[PDB]
Structures are given as structure tokens and as C-alpha cells.
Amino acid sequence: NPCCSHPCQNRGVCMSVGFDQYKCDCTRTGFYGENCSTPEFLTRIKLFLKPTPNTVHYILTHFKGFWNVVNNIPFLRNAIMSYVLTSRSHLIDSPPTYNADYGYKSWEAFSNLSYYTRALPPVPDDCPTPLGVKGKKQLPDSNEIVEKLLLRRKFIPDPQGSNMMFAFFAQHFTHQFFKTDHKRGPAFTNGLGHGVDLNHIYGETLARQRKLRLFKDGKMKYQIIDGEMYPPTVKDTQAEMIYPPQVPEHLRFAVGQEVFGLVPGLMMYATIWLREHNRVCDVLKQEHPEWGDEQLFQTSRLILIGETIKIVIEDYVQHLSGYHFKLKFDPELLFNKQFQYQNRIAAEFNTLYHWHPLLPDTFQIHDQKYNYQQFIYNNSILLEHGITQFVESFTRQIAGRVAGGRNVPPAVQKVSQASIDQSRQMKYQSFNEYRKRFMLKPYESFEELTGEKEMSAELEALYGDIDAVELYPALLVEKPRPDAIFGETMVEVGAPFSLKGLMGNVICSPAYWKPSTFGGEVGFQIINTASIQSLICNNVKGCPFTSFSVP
């Protein structure tokens, strides 16, 4: 297959014509030629005026006093934020295109919501190498990659100061749209909403939602333990959860996402958001004593979806970017712009979000330590310390650096290896192919990638060719930005997927983004004043200080 070499550049569509020839479709690429390499006149101007992402990152992470003024000039802040959204979103195809089984556009790939979609098509089946033509006939042994390049020696904390509040928020929030159906294989998802629908609170199906709801005052079922609200039990809801048999029946908490029993950190956030739901129910009953249970529940869900997107943009991504520029959640920014209010979760977005180097060596709650053997599937820890102590503790505990390499804990070693194996099953193109897909310069050497001698040598010994390095491994060994948590590629690939899932939500569309959608101005204001601190303050006893960075 002539397209195995990935000849077409700049988003050109490679199509085989005959057995030994190929064609490139350069339509609206801004280029022409056999391989869509020759820039058009306009493209040539743009390409010359366009700054490198590293430049843009320098500018955004510097000149603090300037940004603090820009942030307070609504016309400027809005104009900038609006550009961030439109420009990054242009990198995602929407409606979506390829999936694991289709390197060409097809109706099966478009319409079948059980697939993750794909930003780059799969390497065709009959190719010289796994990645196409580059690399050896067989990719290196995955466990060797982990040990040599990813496995943690000594803990490397995050220079940006990310804490466990941040790490578990990342895990909790993304696991509503990262829900791969492993009975089927890594190419499939159970999250058919394909974004921020809060199914990890309310359940994926109406059947599960009905088991978790109280059907009084719009509320969700709960227990009162030690004078505080917790999730209901599997016994009381009949909502299936994943628990090893060791777990006693009373500690089997039931929440929207089957798997959130895995760690108390997840169940901490499930509890916090559950409280928030029932709190907003109380607020809306005041505003609407005439409302029934159903409308109270639905309107609370829509408000909580708003809070989530609000908090994710203005607190979580804000922290994660390190920008002095204050990011904004404002759907009105896009009303005069071209933008598709839909989304489809990309498998590559799932792959890049395996931030297990975030995880510490031990989990430190109050004046105690817990190893993974003790921490996993142990909600006894959650009831013992309470949410307040959990927030106090997780706020102060530093997370690990994700880029730079050699920082995956041994406990989740096999998870990192699984990430590589599964991407091979799905036939991911190479790391450098994905760089080009998101308009980055491909690395010319293992050293340029790592900015370093050891790993770059280990890498060359494993792969040989720089164009043979796989997507997942390279992301974790890539040279981090100065004192940053991520390298260049993580940010430039990840941000477009993220923003599209966030602003592509139906509530951001003009038909929805009205106060009447959320019960009036009071409900609407809950969205637009939401923060990670306020989430904790309204729902955690004592209103402890919190933040996604260590004090």
C-alpha cells in the first residue's frame, strides 16, 4: 500500500489508485503539489508571521504585570480567549472522521458512537513496518520501554506544584468520557455522550439514573454517616459497582461511574459532586416551590454541567497551563464565530491522558501514610478521615511530574505498558506523525526530543529511527517546558481535544445558554461564579482552603 509511507503532508488525504500508485487530496489544505508540500501564497504569509508554540508559551507564562492588566480589560481578555478557542478547535475535525477500523472516511466510522474517533487514521494493515515504513519490522518490547524510560527511580515532584486535588480531579473528571469497553477492545467506549454529560454522577443509562435518584425534590439518594452526606450503597440502589469481594456491603458506595470505587480520591469527588447536586436542588426549590421532582433534577444536572465546564476551564486548565492570562468560560465568545456544538472522544486524547506519573509513592492523609495495597478499594479510609481531612491532605501533597521520563510508580507499571500495547493494537502512527498533525516541527533526533543523553540513547537503542518512536512513550520522556509539568507535544495535542469537548457541549450553544435554561438568574449565577474553592466551600464541612497547587 503506497500510503503506508504517509506521503501526503499538511492534512492531505492519501488515497491508493491502482496497486502501486497513490494520490493526495490537497483540498483546502493551503498547499498543493503531489504531496501537498508547496504552500500557496496566503499560506506562505501566515506561516511566516506565525510564532512557534514555545514562543507563545514564553509570552503567556511571562510578563505577569501585563497580563494582570489585560485580564481586567474585558474587551481584550474576551478577544484573546475567543482566539484561543477558535484557533485550537480548528485542529479537530467535527463532525468526526476516522476510527480504529477505518483509515478512510465511511458512514460506519461517522455514525457508530461505540468507537473512539481518531485524529490520525490507523496505519493500514499491509505495511512494511507497524508504523508504516519507518522503524524495524517489530516494535521494541513494551515492558523494556517501561523499565528503561518510564519506570520511576526516585520521585520527581511537579515543578508547577500540582497536588493530589489536581491529580484526582483529573482522573475523576476525564473518566466520564474515558470509559473504554474492554470486553470489546481498546477501540471502543461506553461513554456514548462523548463529552461532559456527568454520566459519572448520574449514570450512563436512564436505568442506572433511576436507581441512584431519590425521586423526591429532584435529589439523588445518599446516606448520612457521622452527620455528613455520602453516596448510597449498592444494596440500597441496586446500582452495580466494581468491588473486590473483600469489600463489606456497607462500604460499597454506589455512584454514577461503576469504577469509582477504585480509589478513595475518586470517591471523594463523587461525594463532593453528589452534595453539590442536592444543594442546587435546595436552591431551586426555593426559587421554584411549584416545580416537581423531575424538573428539579434535570435543571440541577444542567447547572452542575455548567459548574464543571466553568471549573475545568478557569481553575483546572488554568493551573495546568501556567498562563498568567486568566482563561474564561464564556459561551458568548463563540456566538459570532464558526464552531460546531458537538464532540466525539478521540482515542489519542485517551492515550495522552494517562498521567500516572502524577501519582505519589504513598498517599498521605492527615498524619498517616498509605501504600497502594492499602489505599485502593478502601473507602474505610474515606469514612475514617472524612472529606475535610481529605481536602486538607490532598491540597498539601505534591503530585509527580508527567514529562521528563522515569516517574511512573511501579504499582501502576503494568498500566503504562498496557497503554503502549493497546495503542499498537489500534495501530497508532508515530509520535512525529502526530506532531505534524498538530502543526509542530518533527523531531530530527532522540536528543532534541529529550534534551538529554541517557534516555535518548536508550530510545535510539530501542527504536533506532526517530520516526519510529511511538506516541505514548515519547510524550512522557519529552523535554518539559521550563519548570513545566508537560512537554510541547502534550499541550499542543491535548488542548484542542479538551476545548472542543468543553465548548462543544450543548449548553454552550445559543439556544441553551440562557438563564431560563437553568431555572432563572440564581441558577445561572451558580454556573458563572463556580470555582474549585467554592465547590469545596459549599459542600465540605469547615470550608477548608483548597487549590490545584500546593500552598
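Residue indices: 1-based, along the sequence shown.
>> On mean Cα temperature factor in this entry, is 193-201 or 76-84 the higher one?
In response: The entry gives the higher C-alpha B-factor average to 76-84.
>> When the Cα temperature factors in the entry are averaged, is it 396-404 or 326-334 that ends up higher?
In response: The entry gives the higher C-alpha B-factor average to 396-404.
>> Given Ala254, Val477, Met267, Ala207, identify the residue with the highest C-alpha B factor in the PDB entry.
In response: Among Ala254, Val477, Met267, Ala207, the highest C-alpha B-factor in the entry belongs to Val477.
> Of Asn278, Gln368, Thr180, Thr174, which one's C-alpha B factor is largest in the deposited record?
Replying inline: It is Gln368.
>> Considering every modelled residue of the chain and its Cα B-factor in the PDB entry, is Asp217 in the lowest, middle or highest third?
In response: Its C-alpha B-factor belongs to the middle third of this chain's values.
>> Test of reading the entry: by CA B factor among the chain's modelled residues, which third contains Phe518?
In response: For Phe518, whose C-alpha B-factor we compare with every modelled residue in the chain, the answer is the lowest third.
>> Split into thirds by Cα B-factor across the chain's modelled residues, where does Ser509 land: lowest, middle or highest?
In response: Ranked within chain, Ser509 CA B lands in the lowest tercile.
> What third of the chain, by the recorded C-alpha B-factor, contains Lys427?
Replying inline: Its C-alpha B-factor, which the entry lists for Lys427, ranks in the middle third among residues of this chain.
> If you rank every modelled residue in this chain by C-alpha B factor, which third holds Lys500: lowest, middle or highest?
Replying inline: Within its chain, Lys500 is a lowest-third residue by C-alpha B-factor, going by the deposited values.
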